[PDB]
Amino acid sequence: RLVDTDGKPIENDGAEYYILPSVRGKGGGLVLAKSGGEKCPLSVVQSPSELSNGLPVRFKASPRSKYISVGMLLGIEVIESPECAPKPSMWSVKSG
C-alpha cells in the first residue's frame, strides 16, 4: 500500500511531500536544475546533496478521493519552483 514515511496515506491535492531516495550515498530528494543549454531550472533532478529533501510536491489526481493510491494516474506539481518556470509547475516528459 502507498503511504508516506510515517505510514499515513498520501493526500490528493493537499499536503506537500518530498520524494526521497530509499538508498543512501546516492543523491538527495528530487528538485529542479538547469540542464545543458537551459537558463531556467526546468529539469527534475535529485539534489547533489544526500542531506537535501529537494523541493515539495503536491499530487493531483482527478478522481475525487481524499488520498492517492498506487496505480492511479496523477499530476505532480512542484510547489516551490523558479520564478522563470511556468506556474503551476507540473511534471511532464520531454525529448532530450
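Each residue number is its position in the shown sequence, starting from 1.
In this crystal structure, the stretch out of 61-69 and 47-55 whose C-alpha atoms carry the higher mean B factor is 61-69. Look at the C-alpha B-factors of 87-95 and of 3-11. On average they run higher in 87-95. Of all the options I19, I79, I76, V23, the entry's greatest CA B-factor is assigned to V23. Compared with the other modelled residues of the chain, the Cα B-factor recorded for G28 ranks in the middle third.
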